$ cat start-v8.tsv   # TSV, C-alpha atoms
chain	number	residue	atom	x	y	z
A	55	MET	CA	14.40	-18.69	5.93
A	56	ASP	CA	16.44	-15.99	7.70
A	57	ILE	CA	17.57	-12.58	6.33
A	58	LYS	CA	19.81	-9.59	7.31
A	59	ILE	CA	21.52	-6.54	5.94
A	60	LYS	CA	25.27	-6.40	6.49
A	61	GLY	CA	26.52	-2.88	5.78
A	62	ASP	CA	25.87	-2.60	2.09
A	63	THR	CA	24.87	-6.28	1.59
A	64	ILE	CA	21.69	-8.37	1.86
A	65	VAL	CA	22.28	-11.80	3.25
A	66	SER	CA	20.28	-15.03	3.16
A	67	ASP	CA	20.80	-18.79	2.90
A	68	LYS	CA	19.77	-18.56	-0.81
A	69	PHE	CA	21.65	-15.42	-1.83
A	70	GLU	CA	23.51	-12.20	-1.15
A	71	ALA	CA	22.79	-8.91	-2.96
A	72	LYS	CA	25.31	-6.05	-2.76
A	73	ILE	CA	23.37	-2.81	-2.79
A	74	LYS	CA	25.01	-0.41	-5.15
A	75	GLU	CA	24.19	3.25	-4.33
A	76	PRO	CA	20.68	4.01	-5.56
A	77	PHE	CA	19.69	6.97	-7.65
A	78	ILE	CA	16.86	8.65	-9.44
A	79	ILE	CA	15.89	8.24	-12.97
A	80	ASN	CA	14.18	11.40	-14.04
A	81	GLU	CA	11.94	10.26	-16.86
A	82	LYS	CA	11.82	13.66	-18.52
A	83	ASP	CA	9.14	12.67	-21.13
A	84	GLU	CA	6.33	11.88	-18.67
A	85	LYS	CA	7.45	13.99	-15.70
A	86	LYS	CA	7.80	10.96	-13.46
A	87	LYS	CA	10.70	9.82	-11.31
A	88	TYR	CA	11.86	6.42	-10.23
A	89	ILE	CA	14.39	5.21	-7.75
A	90	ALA	CA	16.82	2.66	-9.08
A	91	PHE	CA	18.60	0.08	-7.06
A	92	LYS	CA	21.41	-1.54	-8.89
A	93	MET	CA	22.61	-4.75	-7.25
A	94	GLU	CA	25.08	-7.61	-7.62
A	95	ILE	CA	23.17	-10.73	-6.65
A	96	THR	CA	25.12	-13.90	-6.21
A	97	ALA	CA	23.06	-17.15	-5.97
A	98	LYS	CA	24.04	-19.56	-3.20
A	99	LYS	CA	21.71	-22.47	-4.09
A	100	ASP	CA	20.35	-24.01	-7.30
A	101	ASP	CA	16.75	-22.75	-7.42
A	102	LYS	CA	14.58	-21.63	-10.41
A	103	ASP	CA	12.82	-19.14	-8.24
A	104	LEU	CA	16.15	-17.36	-7.90
A	105	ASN	CA	15.70	-14.69	-10.38
A	106	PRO	CA	16.19	-11.11	-9.41
A	107	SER	CA	12.68	-9.99	-10.18
A	108	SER	CA	11.12	-12.59	-7.91
A	109	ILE	CA	13.73	-11.99	-5.27
A	110	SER	CA	12.76	-8.35	-4.98
A	111	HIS	CA	9.18	-9.32	-5.16
A	112	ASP	CA	9.67	-12.04	-2.53
A	113	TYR	CA	11.95	-10.24	-0.01
A	114	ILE	CA	12.10	-6.45	-0.42
A	115	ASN	CA	9.78	-3.62	0.31
A	116	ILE	CA	10.67	-0.04	-0.54
A	117	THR	CA	9.01	2.81	1.32
A	118	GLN	CA	9.44	6.59	1.34
A	119	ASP	CA	8.83	8.96	4.23
A	120	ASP	CA	6.14	11.62	3.88
A	121	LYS	CA	4.44	14.33	5.83
A	122	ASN	CA	1.74	12.15	7.50
A	123	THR	CA	2.35	8.70	6.13
A	124	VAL	CA	5.10	6.29	5.26
A	125	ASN	CA	4.59	5.55	1.61
A	126	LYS	CA	4.92	2.16	0.00
A	127	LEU	CA	6.49	2.45	-3.40
A	128	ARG	CA	5.28	0.72	-6.56
A	129	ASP	CA	7.31	-1.16	-9.08
A	130	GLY	CA	8.52	0.91	-11.93
A	131	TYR	CA	8.59	0.13	-15.64
A	132	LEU	CA	10.60	2.10	-18.16
A	133	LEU	CA	9.44	2.90	-21.68
A	134	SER	CA	12.64	1.51	-23.18
A	135	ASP	CA	15.87	0.39	-21.65
A	136	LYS	CA	18.69	0.53	-24.12
A	137	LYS	CA	20.21	2.64	-21.35
A	138	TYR	CA	20.28	0.14	-18.49
A	139	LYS	CA	20.25	-3.12	-20.48
A	140	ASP	CA	23.53	-4.00	-18.81
A	141	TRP	CA	21.71	-4.21	-15.45
A	142	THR	CA	18.24	-5.32	-16.37
A	143	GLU	CA	18.70	-7.99	-19.07
A	144	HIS	CA	18.88	-10.65	-16.43
A	145	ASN	CA	16.12	-9.50	-14.15
A	146	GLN	CA	14.05	-12.49	-15.15
A	147	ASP	CA	16.69	-15.13	-15.49
A	148	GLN	CA	17.79	-17.66	-12.88
A	149	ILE	CA	21.30	-17.35	-11.33
A	150	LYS	CA	23.62	-20.34	-11.25
A	151	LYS	CA	24.64	-21.78	-7.88
A	152	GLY	CA	28.02	-20.14	-7.70
A	153	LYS	CA	27.47	-17.12	-9.80
A	154	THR	CA	26.78	-13.42	-9.58
A	155	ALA	CA	24.73	-11.23	-11.85
A	156	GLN	CA	23.85	-7.53	-12.11
A	157	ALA	CA	20.22	-6.62	-11.43
A	158	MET	CA	18.42	-3.36	-11.08
A	159	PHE	CA	15.13	-2.65	-9.39
A	160	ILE	CA	12.97	0.31	-10.13
A	161	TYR	CA	10.31	1.87	-8.00
A	162	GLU	CA	8.02	4.68	-8.85
A	163	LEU	CA	8.76	7.66	-6.63
A	164	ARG	CA	6.08	9.76	-4.99
A	165	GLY	CA	7.48	12.69	-3.07
A	166	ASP	CA	10.93	13.58	-1.91
A	167	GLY	CA	11.17	12.05	1.53
A	168	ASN	CA	13.92	9.76	2.64
A	169	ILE	CA	13.92	6.19	1.48
A	170	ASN	CA	13.84	2.95	3.34
A	171	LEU	CA	14.80	-0.35	1.91
A	172	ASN	CA	13.10	-2.99	3.97
A	173	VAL	CA	13.79	-6.69	4.02
A	174	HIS	CA	11.29	-9.37	5.09
A	175	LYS	CA	11.23	-13.22	5.25
A	176	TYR	CA	9.58	-15.02	2.30
A	177	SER	CA	5.94	-15.26	3.34
A	178	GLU	CA	5.61	-12.69	6.15
A	179	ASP	CA	6.19	-9.02	5.23
A	180	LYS	CA	7.08	-7.82	8.68
A	181	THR	CA	10.33	-5.93	8.14
A	182	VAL	CA	13.31	-7.75	9.56
A	183	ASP	CA	16.04	-5.25	8.74
A	184	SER	CA	16.36	-2.06	6.82
A	185	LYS	CA	18.56	0.59	5.26
A	186	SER	CA	17.80	4.22	4.75
A	187	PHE	CA	18.92	6.74	2.24
A	188	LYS	CA	18.83	10.51	2.48
A	189	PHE	CA	16.95	11.68	-0.58
A	190	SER	CA	18.60	15.02	-0.55
A	191	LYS	CA	21.94	13.33	-1.41
A	192	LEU	CA	21.04	10.94	-4.25
A	193	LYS	CA	22.39	11.56	-7.72
A	194	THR	CA	19.79	12.06	-10.48
A	195	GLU	CA	19.99	10.80	-14.12
A	196	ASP	CA	17.60	11.98	-16.89
A	197	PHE	CA	16.01	10.06	-19.83
B	54	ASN	CA	-8.12	-7.68	23.14
B	55	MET	CA	-8.14	-3.87	22.42
B	56	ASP	CA	-11.22	-1.69	23.20
B	57	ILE	CA	-13.30	0.40	20.73
B	58	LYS	CA	-16.14	2.94	20.66
B	59	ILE	CA	-17.98	5.40	18.52
B	60	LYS	CA	-18.10	8.94	19.94
B	61	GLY	CA	-20.66	10.92	17.98
B	62	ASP	CA	-19.09	11.05	14.56
B	63	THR	CA	-15.75	9.51	15.63
B	64	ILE	CA	-14.30	6.04	16.05
B	65	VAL	CA	-11.99	5.63	19.02
B	66	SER	CA	-9.39	3.02	19.93
B	67	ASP	CA	-5.99	2.82	21.74
B	68	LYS	CA	-4.36	2.63	18.27
B	69	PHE	CA	-6.39	5.25	16.43
B	70	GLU	CA	-9.31	7.60	15.93
B	71	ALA	CA	-11.23	7.95	12.67
B	72	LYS	CA	-13.59	10.81	12.06
B	73	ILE	CA	-16.47	9.61	9.92
B	74	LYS	CA	-17.13	12.15	7.30
B	75	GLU	CA	-20.71	11.98	6.01
B	76	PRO	CA	-21.10	9.01	3.66
B	77	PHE	CA	-22.51	9.02	0.22
B	78	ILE	CA	-23.24	7.02	-2.87
B	79	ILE	CA	-21.13	6.70	-5.85
B	80	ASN	CA	-23.41	5.92	-8.72
B	81	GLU	CA	-21.13	4.07	-11.14
B	82	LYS	CA	-23.19	4.98	-14.24
B	83	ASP	CA	-21.20	2.72	-16.68
B	84	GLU	CA	-22.01	-0.59	-14.94
B	85	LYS	CA	-25.25	0.34	-13.17
B	86	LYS	CA	-23.86	-0.47	-9.73
B	87	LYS	CA	-23.76	1.70	-6.66
B	88	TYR	CA	-21.30	1.92	-3.82
B	89	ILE	CA	-21.39	3.57	-0.47
B	90	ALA	CA	-18.34	5.68	0.27
B	91	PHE	CA	-17.05	6.44	3.76
B	92	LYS	CA	-14.53	9.25	3.76
B	93	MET	CA	-12.55	9.40	6.98
B	94	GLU	CA	-9.74	11.25	8.73
B	95	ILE	CA	-7.71	8.63	10.51
B	96	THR	CA	-5.09	9.75	12.92
B	97	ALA	CA	-2.64	7.10	14.21
B	98	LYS	CA	-1.93	6.99	17.90
B	99	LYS	CA	0.86	4.33	17.99
B	100	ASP	CA	3.74	3.30	15.68
B	101	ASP	CA	2.41	0.14	13.97
B	102	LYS	CA	2.86	-1.15	10.40
B	103	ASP	CA	-0.49	-2.71	10.53
B	104	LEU	CA	-1.97	0.75	10.84
B	105	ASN	CA	-2.93	1.43	7.33
B	106	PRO	CA	-6.43	2.37	6.51
B	107	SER	CA	-7.29	-0.66	4.47
B	108	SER	CA	-6.39	-3.05	7.16
B	109	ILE	CA	-8.10	-0.99	9.76
B	110	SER	CA	-11.41	-1.15	7.99
B	111	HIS	CA	-10.78	-4.78	7.38
B	112	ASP	CA	-9.74	-5.41	10.98
B	113	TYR	CA	-12.41	-3.38	12.79
B	114	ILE	CA	-15.37	-2.41	10.64
B	115	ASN	CA	-18.38	-4.10	9.28
B	116	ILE	CA	-20.88	-2.35	7.09
B	117	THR	CA	-24.43	-3.71	6.83
B	118	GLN	CA	-27.64	-2.56	5.15
B	119	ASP	CA	-31.22	-3.29	6.17
B	120	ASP	CA	-33.52	-5.27	3.88
B	121	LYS	CA	-37.00	-6.70	3.78
B	122	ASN	CA	-36.19	-10.06	5.44
B	123	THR	CA	-32.51	-9.92	6.17
B	124	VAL	CA	-29.79	-7.56	7.29
B	125	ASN	CA	-27.25	-7.52	4.55
B	126	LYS	CA	-23.44	-7.67	4.92
B	127	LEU	CA	-21.87	-5.32	2.42
B	128	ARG	CA	-18.85	-6.25	0.29
B	129	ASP	CA	-15.75	-4.23	-0.37
B	130	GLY	CA	-15.93	-2.18	-3.47
B	131	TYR	CA	-13.38	-1.45	-6.10
B	132	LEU	CA	-13.59	1.36	-8.63
B	133	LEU	CA	-12.54	1.10	-12.25
B	134	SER	CA	-10.30	4.14	-11.97
B	135	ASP	CA	-9.86	6.71	-9.32
B	136	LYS	CA	-8.54	9.97	-10.64
B	137	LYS	CA	-11.71	11.29	-8.97
B	138	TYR	CA	-11.06	10.31	-5.35
B	139	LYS	CA	-7.23	9.99	-5.41
B	140	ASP	CA	-7.11	12.66	-2.78
B	141	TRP	CA	-8.82	10.22	-0.35
B	142	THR	CA	-7.65	6.82	-1.53
B	143	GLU	CA	-3.90	7.26	-2.31
B	144	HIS	CA	-2.96	6.39	1.20
B	145	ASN	CA	-5.35	3.54	1.87
B	146	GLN	CA	-2.47	1.13	1.90
B	147	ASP	CA	0.22	3.16	3.54
B	148	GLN	CA	1.04	3.30	7.23
B	149	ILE	CA	0.23	6.42	9.31
B	150	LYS	CA	2.92	7.99	11.46
B	151	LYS	CA	2.47	8.02	15.26
B	152	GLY	CA	1.14	11.52	15.49
B	153	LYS	CA	-0.33	12.15	12.13
B	154	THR	CA	-3.66	12.16	10.34
B	155	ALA	CA	-4.50	11.02	6.85
B	156	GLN	CA	-7.57	11.00	4.63
B	157	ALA	CA	-8.93	7.52	3.80
B	158	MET	CA	-12.01	6.34	2.00
B	159	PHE	CA	-13.76	2.98	2.19
B	160	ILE	CA	-16.08	1.73	-0.46
B	161	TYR	CA	-18.73	-0.98	-0.11
B	162	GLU	CA	-20.86	-2.42	-2.79
B	163	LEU	CA	-24.50	-1.49	-2.19
B	164	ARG	CA	-27.29	-3.94	-2.49
B	165	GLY	CA	-30.62	-2.36	-1.96
B	166	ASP	CA	-31.77	0.97	-0.59
B	167	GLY	CA	-32.34	0.14	3.07
B	168	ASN	CA	-30.69	2.12	5.88
B	169	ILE	CA	-27.01	1.63	6.63
B	170	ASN	CA	-25.27	0.51	9.73
B	171	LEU	CA	-21.62	1.01	10.43
B	172	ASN	CA	-20.54	-1.54	12.94
B	173	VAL	CA	-17.41	-1.73	14.93
B	174	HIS	CA	-15.84	-4.84	16.41
B	175	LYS	CA	-12.67	-5.66	18.36
B	176	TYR	CA	-9.69	-7.05	16.38
B	177	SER	CA	-10.29	-10.79	16.42
B	178	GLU	CA	-13.97	-11.13	17.39
B	179	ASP	CA	-16.55	-9.63	15.01
B	180	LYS	CA	-19.34	-9.18	17.55
B	181	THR	CA	-20.40	-5.58	17.05
B	182	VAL	CA	-19.34	-3.38	19.94
B	183	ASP	CA	-20.86	-0.10	18.77
B	184	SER	CA	-22.62	1.21	15.73
B	185	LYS	CA	-23.92	4.17	13.80
B	186	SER	CA	-26.81	4.32	11.43
B	187	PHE	CA	-27.52	6.41	8.41
B	188	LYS	CA	-30.83	7.00	6.72
B	189	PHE	CA	-30.33	6.07	3.09
B	190	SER	CA	-33.11	8.31	1.96
B	191	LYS	CA	-31.02	11.32	2.90
B	192	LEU	CA	-27.61	10.48	1.50
B	193	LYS	CA	-26.16	12.56	-1.32
B	194	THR	CA	-25.28	10.66	-4.58
B	195	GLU	CA	-22.39	11.38	-6.94
B	196	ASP	CA	-22.19	9.90	-10.50
B	197	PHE	CA	-19.15	8.48	-12.44
B	198	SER	CA	-17.68	7.84	-15.96

$ encode --input "start-v8.tsv" --output "structure tokens"
Amino acid sequence: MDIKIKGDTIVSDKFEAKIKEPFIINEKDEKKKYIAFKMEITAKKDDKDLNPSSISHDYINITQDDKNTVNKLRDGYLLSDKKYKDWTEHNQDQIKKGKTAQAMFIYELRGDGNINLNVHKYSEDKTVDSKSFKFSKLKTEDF
Amino acid sequence: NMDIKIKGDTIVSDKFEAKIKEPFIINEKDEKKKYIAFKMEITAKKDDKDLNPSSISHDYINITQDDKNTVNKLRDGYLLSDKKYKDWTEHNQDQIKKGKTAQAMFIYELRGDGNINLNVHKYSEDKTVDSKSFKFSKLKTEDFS
């Protein structure tokens, strides 16, 4: 199945995610930082696999530039989430054929280099399209 | 298809060069198992997502160890934690930029106390193309808990 990024929007036969502007969660308690990608995913088929968590798992790689390497970023988990419940409460739940839900995906930052959102077809993780974000210009929310 | 060599203490290919730091044993004291550790300074020579250290070792390196009747293929090791070697393992999965060099470390599960051979083989075919040997007797050995 084929996949693209159109401006600010991921596009596939099965779904479209609108990438809201990402930002840092500064987890002040354990001096760790995450990058958070809010998104408005709208399901285009009826398919139990179409939950946001397994979308991101299935089709998205985040990486972050660094002095000698290009760093793959791990999935982030937050101690609690009263804060973002509005955007996470459906990260596990399937999306109805016509409908749109809010999702948010967290990755564990390491460094301060620019970020790349990559997109890859289901099986193969060769990057098919990408979007980059200047780190310097991302807004940063504490915890 | 791509060609490969060992020059002294260094691996050489069109895509990269690894410097083989002197290897050594991790004695995992908790589960009475030993590993051989190859620290390395890999420097990428192309731009290529496949060029991460893990998949290099996988793609191009066989370790073996001599034994009384056989010559033993050594498995890939995994350590319980790795605060200890984070310096050398944190990038084992990540790609290396066209001109840059990163520290990698590859662990193999020892079986026996025979001498070690590092073999090198082209991408597809695993016929050894070049090799280096290390006398086991003289390797330094670092514990763990």

$ closest_atom_pairs --input "start-v8.tsv" --of "chain B" --to "chain A" --cutoff "8 Å" --atoms "all atoms listed in the file" --output "tab-separated table"
residue	atom	partner	partner_atom	distance
B:144	CA	A:123	CA	7.6
B:146	CA	A:126	CA	7.7
B:147	CA	A:125	CA	5.3
B:148	CA	A:124	CA	5.4
B:149	CA	A:123	CA	4.5
B:150	CA	A:123	CA	5.4
B:153	CA	A:122	CA	5.1
B:154	CA	A:122	CA	6.1
B:155	CA	A:122	CA	6.4

$ residues_around --input "start-v8.tsv" --residues "stretch 105-121 of chain B" --least-positions-apart "4" --cutoff "8 Å" --atoms "all atoms listed in the file" --output "PyMOL selection string"
chain B and resi 95+125-127+144-149+157+159+161+164-177+179

$ atom_distance --input "start-v8.tsv" --atom1 "atom CA of residue B:68" --atom2 "atom CA of residue B:143"
21.1 Å

$ atom_distance --input "start-v8.tsv" --atom1 "atom CA of residue A:176" --atom2 "atom CA of residue A:78"
27.4 Å

$ atom_distance --input "start-v8.tsv" --atom1 "atom CA of residue A:84" --atom2 "atom CA of residue B:134"
19.5 Å

$ residues_around --input "start-v8.tsv" --residues "stretch 55-70 of chain A" --least-positions-apart "3" --cutoff "8 Å" --atoms "all atoms listed in the file" --output "PyMOL selection string"
chain A and resi 73-74+95-99+173-176+182-185

$ residues_around --input "start-v8.tsv" --residues "residue B:98" --least-positions-apart "3" --cutoff "6 Å" --atoms "only C-alpha atoms" --output "ChimeraX atom specification"
/B:68-69,151-152

$ residues_near_point --input "start-v8.tsv" --point "(-14.2, 8.3, -16.9)" --cutoff "10 Å" --atoms "only C-alpha atoms" --output "number ranges by chain"
B: 81-83, 133-137, 197-198

$ closest_residue --input "start-v8.tsv" --among "A:113, A:93, A:80, A:157" --to "residue A:178" --atoms "only C-alpha atoms"
A:113

$ closest_residue --input "start-v8.tsv" --among "A:135, A:143, A:103, A:195" --to "residue A:77" --atoms "all atoms listed in the file"
A:195

$ residues_around --input "start-v8.tsv" --residues "residue A:196" --least-positions-apart "2" --cutoff "12 Å" --atoms "only C-alpha atoms" --output "ChimeraX atom specification"
/A:77-89,137,193-194

$ closest_residue --input "start-v8.tsv" --among "B:129, B:62, B:183, B:140" --to "residue B:156" --atoms "all atoms listed in the file"
B:140

$ closest_residue --input "start-v8.tsv" --among "A:192, A:90, A:155, A:71" --to "residue A:116" --atoms "all atoms listed in the file"
A:90
